[PDB]
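Below is one structure, written out as structure tokens, with a few remarks after it.
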Amino acid sequence: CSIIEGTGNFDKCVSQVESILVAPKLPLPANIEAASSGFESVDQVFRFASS
Amino acid sequence: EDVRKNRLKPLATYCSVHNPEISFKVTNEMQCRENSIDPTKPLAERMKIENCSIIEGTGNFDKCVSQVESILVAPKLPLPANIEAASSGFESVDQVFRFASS
């Protein structure tokens, strides 16, 4: 990779923030504390606990 | 051959794709698959030792130590339902005395 170009698609940006940061396949590195509380990712928080 | 009296039952019941700890957590699914339990398969198929009819005793102690080590004591991935152990910094038995000694 040499240059990052901006496409400006918001719907595609939401879809990518979701799969990478919010709801990834494996938990994000250095998150043993979160996993021990029963939450591997952000999506799991409101799925298992709601208020 | 009763399901209740089977020693693989608690592990096969935990290793189920219908249990939220498996369906939402891929790490726990791979922990089950590495210990030969397929969470997608039904309960009976999970506890069943596939392509096996009879267990014969060889009596080799050195081979028994080597297998208890790779399976129970020091496995590649931690044994299922061990999040508490991993959170204290110990994925397996070998890691206990490696990181902490007295």
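For the structure tokens, the naming scheme is as follows: chains receive sequential letters (A, B, ...) according to their order of presentation, residues are indexed from 1 within each chain, and ligands are indexed from 1 in presentation order.
Residue-level contacts from chain A to chain B at 8 Å, counting only C-alpha atoms, read residues 25, 26, 32, 33, 35, 36, 40 and 44 of chain A.
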inquiry  = Using DSSP secondary structure from the backbone, list all helix (DSSP H, G or I) positions within region 12-96 of chain B, as a ChimeraX atom specification.
reply    = /B:12-14,20-23,26-33,43-47,61-73,83-87,93-96
With C-alpha atoms retained, could you export that selection as an mmCIF file, in the first residue's frame?
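Okay, this is what ended up in selection.cif:
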```cif
data_model
loop_
_atom_site.group_PDB
_atom_site.id
_atom_site.type_symbol
_atom_site.label_atom_id
_atom_site.label_comp_id
_atom_site.auth_asym_id
_atom_site.auth_seq_id
_atom_site.Cartn_x
_atom_site.Cartn_y
_atom_site.Cartn_z
ATOM 1 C CA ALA B 12 -20.511 -31.882 25.289
ATOM 2 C CA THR B 13 -23.399 -29.885 26.914
ATOM 3 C CA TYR B 14 -21.095 -26.795 27.208
ATOM 4 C CA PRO B 20 -24.382 -18.314 23.708
ATOM 5 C CA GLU B 21 -20.773 -18.911 24.920
ATOM 6 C CA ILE B 22 -20.122 -20.841 21.640
ATOM 7 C CA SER B 23 -22.421 -19.137 19.021
ATOM 8 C CA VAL B 26 -15.463 -18.159 18.182
ATOM 9 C CA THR B 27 -12.527 -18.684 20.646
ATOM 10 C CA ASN B 28 -14.667 -21.109 22.761
ATOM 11 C CA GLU B 29 -15.783 -22.965 19.550
ATOM 12 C CA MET B 30 -12.112 -23.569 18.523
ATOM 13 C CA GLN B 31 -11.376 -24.752 22.120
ATOM 14 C CA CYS B 32 -14.119 -27.428 21.674
ATOM 15 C CA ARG B 33 -13.072 -28.443 18.105
ATOM 16 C CA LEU B 43 -25.324 -34.318 21.795
ATOM 17 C CA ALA B 44 -25.015 -38.104 21.115
ATOM 18 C CA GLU B 45 -22.573 -37.496 18.166
ATOM 19 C CA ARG B 46 -20.442 -35.143 20.379
ATOM 20 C CA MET B 47 -19.946 -37.750 23.192
ATOM 21 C CA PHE B 61 3.635 -45.560 31.269
ATOM 22 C CA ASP B 62 6.026 -43.217 29.336
ATOM 23 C CA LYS B 63 3.488 -42.990 26.439
ATOM 24 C CA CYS B 64 0.681 -42.334 29.012
ATOM 25 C CA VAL B 65 2.681 -39.424 30.616
ATOM 26 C CA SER B 66 3.376 -37.963 27.112
ATOM 27 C CA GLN B 67 -0.392 -38.041 26.305
ATOM 28 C CA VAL B 68 -1.671 -36.696 29.696
ATOM 29 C CA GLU B 69 0.855 -33.825 29.089
ATOM 30 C CA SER B 70 -0.293 -32.842 25.545
ATOM 31 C CA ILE B 71 -4.050 -33.335 26.286
ATOM 32 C CA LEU B 72 -4.650 -32.226 29.930
ATOM 33 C CA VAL B 73 -1.499 -30.523 31.356
ATOM 34 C CA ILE B 83 -11.986 -18.045 31.234
ATOM 35 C CA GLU B 84 -11.363 -17.504 35.006
ATOM 36 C CA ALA B 85 -7.980 -19.322 34.813
ATOM 37 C CA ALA B 86 -6.931 -17.350 31.660
ATOM 38 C CA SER B 87 -7.907 -14.010 33.323
ATOM 39 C CA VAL B 93 -1.162 -26.237 34.164
ATOM 40 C CA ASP B 94 2.360 -25.829 32.615
ATOM 41 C CA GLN B 95 1.945 -21.997 32.614
ATOM 42 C CA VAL B 96 1.310 -21.944 36.434
#
```
Nearest to residue 15 (chain B), chosen from B:3, B:56, B:76, B:81, with only C-alpha atoms counted in the distances = B:81
inquiry  = Using Å and a single decimal, report how far CA of residue 90 (chain B) sits from CA of residue 75 (chain B).
reply    = 12.0 Å
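Our summary of the geometry notes that CA of residue 1 (chain B) is positioned 10.3 Å from CA of residue 48 (chain B).
Coordinates place CA of residue 17 (chain B) at a distance of 23.1 Å from CA of residue 20 (chain A).
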